[PDB]
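These notes concern the structure reproduced below.
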Ligand SMILES: CS(=O)(=O)NCCc1ccccc1
Ligand SMILES: [Zn+2]
């Protein structure tokens, strides 16, 4: 589980989005596994704008933050585990690291702020859904 709270936006894994998230839907993309919902409270997270390939992610299933190198955003095959058409997710950054389904929503951050959220796992790899190319999270 986990979300990003910037301004009046909540960013979550699309596949973990709640009835309330869908009721308050702002934007979603099935290919990117992202959903953004509107919030009444003002969020205090900052969205990195960069092409950093180093950062730290929170891994709930290890109660630990891991420093990682990660690939640039691209379209990738995600192997079966329990979820999705065990298929192709876009805007995905991979790193070598531990990821289970329950780790989705863990934040990846660099110096410039929040890079992305954990979106995939398996074979010793962790995949993160990049939010850096969603510049609109920054105003209204
Ligand atoms: C694959 S999905 O996430 O788009 N399926 C919808 C899940 C959902 C169920 C009830 C209410 C709102 C959302
Ligand atoms: Zn950065």
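Numbering of chain A is taken from Swiss-Prot, so the residues present carry the numbers 869-1008, in order.
Quick check of the header: X-ray crystallography, 1.5 Å.
Placement of Cβ uses the backbone N, Cα and C atoms for every residue, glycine included.
Annotated features in Swiss-Prot:
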{"type": "ACT_SITE", "residues": "883", "note": "active site, for protease 2A activity"}
{"type": "ACT_SITE", "residues": "901", "note": "active site, for protease 2A activity"}
{"type": "ACT_SITE", "residues": "972", "note": "active site, for protease 2A activity"}
{"type": "BINDING", "residues": "918, 920, 978, 980", "note": "Zn(2+) 1 binding site"}
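Mapped onto this structure are the features recorded in Swiss-Prot.
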residue	record	contacts (Cβ under 8 Å, 6+ apart)
883	active site, for protease 2A activity	901, 951, 952, 972
918	Zn(2+) 1 binding site	978, 980, 983, 1000
920	Zn(2+) 1 binding site	978, 979, 980, 983
Candidates near ligand 2 among the recorded positions 883, 901, 920, 980, judged by a Cβ under 6 angstroms: 920, 980
Residues within 8 Å of the 918, 920, 978, 980 Cβ centre (excluding the Zn(2+) 1 site residues themselves): 916, 917, 919, 923, 979, 981, 983, 1000
Cβ-based isolation winner (fewest other Cβ atoms within 10 Å) among the recorded positions 972, 978: 978
Where residue 978 (Zn(2+) 1 binding site) falls in three-state DSSP terms: strand
Per DSSP, three-state class assigned to residue 901 (active site, for protease 2A activity): coil
Fewest other C-beta atoms within 10 angstroms, as judged across 901, 980, which are the recorded positions: 980
